[PDB]
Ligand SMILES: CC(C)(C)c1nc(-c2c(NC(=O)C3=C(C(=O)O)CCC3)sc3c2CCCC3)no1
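The chain below stands alone and is given in structure tokens; this is the form deposited without the named molecule.
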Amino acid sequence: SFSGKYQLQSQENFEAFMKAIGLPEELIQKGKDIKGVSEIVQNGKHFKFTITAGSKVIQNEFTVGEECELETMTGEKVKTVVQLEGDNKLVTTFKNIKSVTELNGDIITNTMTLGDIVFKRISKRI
């Protein structure tokens, strides 16, 4: 069940992922200490998610199966549609990033693999 407000506990590769895409060392060292609340609201196919990322709040929505324009960090828009397996895995290919987001009980992993980089957030359902 995806309807919940999931706050960040243990963050693996924030320095290696953010410098590989295009972000500053000041916002990497500021947002590593800040535990960000990553909201997800499932209706069914529509998913309205609100990520509180450091200072600025970045909110977007995808429809499962049908094409969706989500904001990428370096650019502006990316056509990348999510497939839902088992009521737990949200799998998509973003800007060369395999975003594998599995729900295990009352947590959520977000494993964004950019080639050799493995960016693993572990955010608990709160």
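In case it trips you up, residue 1 is the first one in the sequence shown, and so on.
The same protein has a further form, the form solved in complex with the named molecule, not shown here; the description that follows concerns it.
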| item | value |
| --- | --- |
| In the deposited bound form, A20 touching the named molecule (heavy atom, 4.5 Å) | no |
| Partner contact for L70 in the deposited bound form: the named molecule, 4.5 angstroms, heavy atom | yes |
| In the deposited bound form, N13 touching the named molecule (heavy atom, 4.5 Å) | no |
| 4.5 Å heavy atom contact, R121 to the named molecule in the deposited bound form | yes |
